[PDB]
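Structure data (TSV, N, CA and C atoms) from entry.tsv:
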chain	number	residue	atom	x	y	z
Y	11	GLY	N	117.78	93.55	77.95
Y	11	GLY	CA	116.55	94.05	77.38
Y	11	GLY	C	115.44	93.02	77.38
Y	12	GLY	N	114.57	93.09	78.39
Y	12	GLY	CA	113.47	92.15	78.49
Y	12	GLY	C	112.83	92.15	79.87
Y	13	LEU	N	113.60	91.74	80.87
Y	13	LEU	CA	113.10	91.69	82.24
Y	13	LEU	C	112.67	93.08	82.72
Y	14	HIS	N	113.48	94.08	82.38
Y	14	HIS	CA	113.18	95.46	82.77
Y	14	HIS	C	111.77	95.85	82.34
Y	15	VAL	N	111.36	95.39	81.16
Y	15	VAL	CA	110.04	95.70	80.64
Y	15	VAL	C	108.99	94.75	81.21
Y	16	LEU	N	109.35	93.47	81.31
Y	16	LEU	CA	108.44	92.46	81.84
Y	16	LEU	C	108.01	92.80	83.26
Y	17	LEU	N	108.89	93.46	84.00
Y	17	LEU	CA	108.60	93.85	85.37
Y	17	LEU	C	107.31	94.67	85.44
Y	18	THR	N	107.10	95.51	84.43
Y	18	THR	CA	105.91	96.35	84.38
Y	18	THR	C	104.65	95.51	84.18
Y	19	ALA	N	104.79	94.41	83.45
Y	19	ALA	CA	103.67	93.52	83.18
Y	19	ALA	C	103.39	92.61	84.38
Y	20	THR	N	104.44	91.93	84.85
Y	20	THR	CA	104.31	91.03	85.99
Y	20	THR	C	103.64	91.72	87.17
Y	21	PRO	N	103.09	90.92	88.10
Y	21	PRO	CA	102.41	91.44	89.29
Y	21	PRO	C	103.39	92.08	90.28
Y	22	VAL	N	104.59	91.52	90.35
Y	22	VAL	CA	105.61	92.03	91.26
Y	22	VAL	C	105.82	93.53	91.05
Y	23	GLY	N	105.85	93.95	89.79
Y	23	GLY	CA	106.04	95.36	89.49
Y	23	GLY	C	105.01	96.24	90.15
Y	24	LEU	N	103.74	95.96	89.89
Y	24	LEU	CA	102.65	96.74	90.47
Y	24	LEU	C	102.75	96.78	91.99
Y	25	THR	N	102.99	95.62	92.60
Y	25	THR	CA	103.11	95.52	94.04
Y	25	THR	C	104.14	96.51	94.58
Y	26	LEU	N	105.20	96.73	93.80
Y	26	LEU	CA	106.26	97.65	94.19
Y	26	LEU	C	105.83	99.10	93.97
Y	27	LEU	N	105.09	99.34	92.89
Y	27	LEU	CA	104.61	100.68	92.57
Y	27	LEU	C	103.87	101.29	93.75
Y	28	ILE	N	103.00	100.50	94.38
Y	28	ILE	CA	102.23	100.96	95.53
Y	28	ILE	C	103.15	101.37	96.67
Y	29	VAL	N	104.20	100.59	96.90
Y	29	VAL	CA	105.15	100.87	97.96
Y	29	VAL	C	105.85	102.21	97.73
Y	30	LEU	N	106.39	102.39	96.53
Y	30	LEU	CA	107.09	103.62	96.18
Y	30	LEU	C	106.17	104.83	96.35
Y	31	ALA	N	104.91	104.67	95.95
Y	31	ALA	CA	103.93	105.74	96.05
Y	31	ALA	C	103.60	106.04	97.51
Y	32	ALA	N	103.53	104.99	98.32
Y	32	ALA	CA	103.21	105.13	99.74
Y	32	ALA	C	104.27	105.98	100.45
Y	33	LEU	N	105.53	105.61	100.26
Y	33	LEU	CA	106.64	106.33	100.89
Y	33	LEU	C	106.65	107.79	100.46
Y	34	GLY	N	106.42	108.03	99.17
Y	34	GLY	CA	106.40	109.38	98.65
Y	34	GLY	C	105.40	110.26	99.36
Y	35	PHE	N	104.16	109.79	99.46
Y	35	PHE	CA	103.10	110.54	100.12
Y	35	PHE	C	103.46	110.81	101.58
Y	36	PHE	N	103.90	109.77	102.28
Y	36	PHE	CA	104.27	109.90	103.69
Y	36	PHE	C	105.40	110.92	103.86
Y	37	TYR	N	106.42	110.80	103.02
Y	37	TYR	CA	107.56	111.71	103.08
Y	37	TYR	C	107.14	113.14	102.75
Y	38	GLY	N	106.27	113.28	101.76
Y	38	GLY	CA	105.80	114.60	101.37
Y	38	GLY	C	105.10	115.32	102.49
Y	39	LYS	N	104.21	114.61	103.19
Y	39	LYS	CA	103.47	115.19	104.30
Y	39	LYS	C	104.34	115.30	105.54
Y	40	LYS	N	105.29	114.38	105.68
Y	40	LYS	CA	106.19	114.37	106.83
Y	40	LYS	C	107.33	115.37	106.63
Y	41	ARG	N	107.81	115.93	107.73
Y	41	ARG	CA	108.90	116.90	107.68
Y	41	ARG	C	109.29	117.35	109.08

Before we go any further, please render this structure as structure tokens.
Amino acid sequence: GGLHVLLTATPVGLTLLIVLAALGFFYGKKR
């Protein structure tokens, strides 16, 4: 209990958020 939450604060977290969102959009439009 700590790092899991800190990840949201740290920059690394945000950097990953964009990636996850990117794949989602691409996958959604792709088929």

Given 5 Å of margin on each side, can you work out the centre and size in Å (one decimal) of an axis-aligned box holding every listed atom of segment 13-32 of chain Y, as AutoDock Vina command-line options?
--center_x 107.9 --center_y 98.5 --center_z 90.5 --size_x 21.4 --size_y 25.1 --size_z 29.8

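Relative to atom CA of residue 26 of chain Y, atom CA of residue 14 of chain Y is found at 13.5 Å.
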
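We find atom N of residue 25 of chain Y and atom C of residue 41 of chain Y to be spaced 28.0 Å apart.
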
Exercise: residue 13 of chain Y partners within 12 Å, only C-alpha atoms, chain neighbours under 4 positions left out, as a PDB file with N, CA and C atoms, in the frame of the given file:
ATOM      1  N   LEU Y  17     108.890  93.460  84.000  1.00  0.00           N
ATOM      2  CA  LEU Y  17     108.600  93.850  85.370  1.00  0.00           C
ATOM      3  C   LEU Y  17     107.310  94.670  85.440  1.00  0.00           C
ATOM      4  N   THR Y  18     107.100  95.510  84.430  1.00  0.00           N
ATOM      5  CA  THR Y  18     105.910  96.350  84.380  1.00  0.00           C
ATOM      6  C   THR Y  18     104.650  95.510  84.180  1.00  0.00           C
ATOM      7  N   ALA Y  19     104.790  94.410  83.450  1.00  0.00           N
ATOM      8  CA  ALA Y  19     103.670  93.520  83.180  1.00  0.00           C
ATOM      9  C   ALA Y  19     103.390  92.610  84.380  1.00  0.00           C
ATOM     10  N   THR Y  20     104.440  91.930  84.850  1.00  0.00           N
ATOM     11  CA  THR Y  20     104.310  91.030  85.990  1.00  0.00           C
ATOM     12  C   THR Y  20     103.640  91.720  87.170  1.00  0.00           C
ATOM     13  N   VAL Y  22     104.590  91.520  90.350  1.00  0.00           N
ATOM     14  CA  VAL Y  22     105.610  92.030  91.260  1.00  0.00           C
ATOM     15  C   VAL Y  22     105.820  93.530  91.050  1.00  0.00           C
ATOM     16  N   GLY Y  23     105.850  93.950  89.790  1.00  0.00           N
ATOM     17  CA  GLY Y  23     106.040  95.360  89.490  1.00  0.00           C
ATOM     18  C   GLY Y  23     105.010  96.240  90.150  1.00  0.00           C
TER      19      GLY Y  23
END

Please report the interatomic distance between atom CA of residue 31 of chain Y and atom CA of residue 15 of chain Y in Å with one decimal.
19.4 Å
